[PDB]
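One-letter residues, chain by chain:
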Amino acid sequence: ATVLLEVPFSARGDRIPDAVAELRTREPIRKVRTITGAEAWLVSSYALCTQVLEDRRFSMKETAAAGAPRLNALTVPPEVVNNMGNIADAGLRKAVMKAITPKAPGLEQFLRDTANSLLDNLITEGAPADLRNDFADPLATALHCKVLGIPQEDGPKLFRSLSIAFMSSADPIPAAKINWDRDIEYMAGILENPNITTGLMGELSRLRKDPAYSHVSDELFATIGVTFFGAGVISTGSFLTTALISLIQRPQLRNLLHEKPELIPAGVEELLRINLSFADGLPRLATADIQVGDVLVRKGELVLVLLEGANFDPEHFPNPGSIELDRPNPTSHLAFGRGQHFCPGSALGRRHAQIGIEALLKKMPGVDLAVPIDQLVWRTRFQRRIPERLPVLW
Ligand code: HEM
Ligand SMILES: Cc1ccc2cc(N)ccc2n1
Ligand SMILES: Cc1ccc2cc(N)ccc2n1
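Residues numbered from 1 in each chain as written, not as in the entry; some residues may be left out. Chains lettered and ligands numbered in written order. Heavy atoms only, no water. Residues with missing side-chain atoms left out of burial classes, pairs and counts.

The record lists X-ray crystallography as the method behind this PDB entry and 1.53 Å as its resolution.

This is the structure:
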């Protein structure tokens, strides 16, 4: 006897397992067991993934209900899974969205200046350099301090919560509550701090004292700061790190982007499409009985939308494992989701990766891995796939 197929399949972010294409062809929705022991429906074709993400009867918020089959344990309060919903209900969606666009005056120059300073410090120190810990993550942390309006020197301590906050664990994590409560107290202090007048926290601090928002809770305001810092920093640092691996492993493309930097936006869109940074399918709970392909998903069951299942589907992206800069459907991948919950940080995430890549290719045009690829250590039981260190020379 064999056991029910377990997810996730591999924590490696540098290769897609051959199993995914076999599942997609044979059984694009099928039962799997998650790390909690729950059953779920794993959805792996582009057609069926888009169906589930575009049907709100597959609910994000209901994944937090007591008693439901779980992908992993909550690392935040259950009402917090619903954070964007709550932002919208408080009338704060347009203001949050405006504050996190990469369009603010000087923001792109700040990203460039910060990427160049981090790269000059690595060049001074000499090879090997670690492009995750000493490049992509500090660039993500400095960008999000600037976008929030909070001091750059507060970025490292907020960042240190993330290796626990974004765990994908079978059981509750006592350190995640200690760090969440601390980080909420920090963001509540920021809303009372008269020096914080710019970015997303300066805007929320003003709206807090405006009569049109006098009954929005102080818990929501602090929560938006902790959730957007952590989600933005983990998502952009982890995607930049694993896109740098895919670029370094393609020297022909690396040289083409170095020679024609105007192609970096189209290269970043293909690196988003092939990115394996999400370690688990996106979870949803059925709120009704709904036909998905050959399966009737029933009310209360867990569905997992496998982003690389959709993004490597050759029926939608022919020659899916190849980076092609002239596809006719280049932004139609699911790297930022789809539907009601499509990432509000999409533009910021694209600009962070374009600027970090442009700066790296100008400063270190000979960048290459300093260890054999199989020597990267892939973090396990985490919501992202990331190498613990990314050693390069140039
Ligand atoms: C390359 C970088 C990023 C990637 C690949 C990314 C990916 C995603 C994906 C796949 C979703 C959908 C989750 C779902 O439907 O279950 C999402 C949602 C979200 N993202 Fe991003 N993200 C990125 C950057 C950011 C940034 C920069 C921020 C904020 C500063 C951010 C904040 C959020 C929030 C708050 C949600 C939940 C939206 C809702 O529930 O309606 N993300 N992200
Ligand atoms: C439930 C949830 C909430 C916020 C999220 C933010 C992201 N960048 C990615 C996935 C997210 N998922
Ligand atoms: C045997 C079985 C299996 C899964 C079911 C899910 C439901 N929502 C209702 C009845 C069910 N019955």
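Once the structure has been displayed, the description carries forward.
With that settled, the discussion passes to the overall build of the chain. A tally of helices and strands in the chain yields 15 helices and 10 strands. Relative to the compact-globule value of 21 Å for 394 residues, the chain shows a C-alpha radius of gyration of 21 Å, a close match. Principal axes of the C-alpha set define a box for the chain whose edges measure 55 × 55 × 40 Å. Taking the contacts inside the chain whose residues are at least 6 apart along the sequence as the reference set, 73% of them involve residues at least 24 apart. (Helix = DSSP H or I, 4+ residues; strand = E, 2+ residues; numbered from the N terminus. Rg over C-alpha atoms; globule rule 2.2 N^0.38 Å. Contact = heavy atoms within 4.5 Å.)

The mixed open sheet is built from five strands, whose spatial order is β1-β2-β8-β5-β3. In the strand order of this sheet, the two ends are held by β1 (29–33) and β3 (58–59), each with one partner. Taken together, the five bridges between β1 and strand β2 (residues 39–43) define a ladder with antiparallel strand orientation. When the sheet's bridge partners are listed, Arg30 is paired in β2 with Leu42. (Pairing = 2+ DSSP bridges.)

A separate point is the UniProt feature "binding site: substrate" in the chain. In the numbering used here, UniProt assigns the "binding site: substrate" feature to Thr75, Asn83, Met84, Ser235, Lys299 and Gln383. For this annotated set, covering 309 residues, the C-alpha atoms extend up to 30.7 Å from each other, a dispersed arrangement in space. Inspection of the secondary structure puts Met84 in helix α3 (residues 83–89). Not counting chain neighbours up to four residues away, the residues in contact with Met84 comprise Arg93, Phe228 and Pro344. With near-sequence residues (within four places) excluded, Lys299 lies in contact with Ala286, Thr287, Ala288 and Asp289. (UniProt positions renumbered as here; feature names shortened; annotations may be inferred.)

So, about the coordination of the iron atom of ligand 1. You will see that the iron atom of ligand 1 has only one donor from the protein, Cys343 (SG), lying 2.2 Å away. Coordination at the iron atom of ligand 1 is octahedral, judged from the six donor atoms that bind it and the angles of 83 to 174° they form at the metal. (Donors = N, O, S within 2.8 Å, 3.2 Å for Na, K, Ca; no water. Tetrahedral: all angles 85-135°; square planar, octahedral: opposite > 155°, others 65-115°.)

Now for the UniProt feature "binding site: heme" in the chain. Following the UniProt record, the feature "binding site: heme" maps to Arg284, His341 and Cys343 here. Along the chain, the position of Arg284 falls in strand β5 (residues 282–286). According to the relative accessible area criterion, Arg284 is buried, its value standing at 5%. Excluding its chain neighbours within four sequence positions, the residues that come into contact with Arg284 are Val52, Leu53, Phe58, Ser59, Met60, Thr63, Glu301, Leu302, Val303 and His341. Mapping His341 onto the fold places it in the loop between α14 (307–311) and α15 (346–363). Among residues more than four places away in sequence, those in contact with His341 are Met60 and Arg284. (Buried < 20%, exposed > 50% of the residue type's maximum accessible area, 1.4 Å probe, protein only.)

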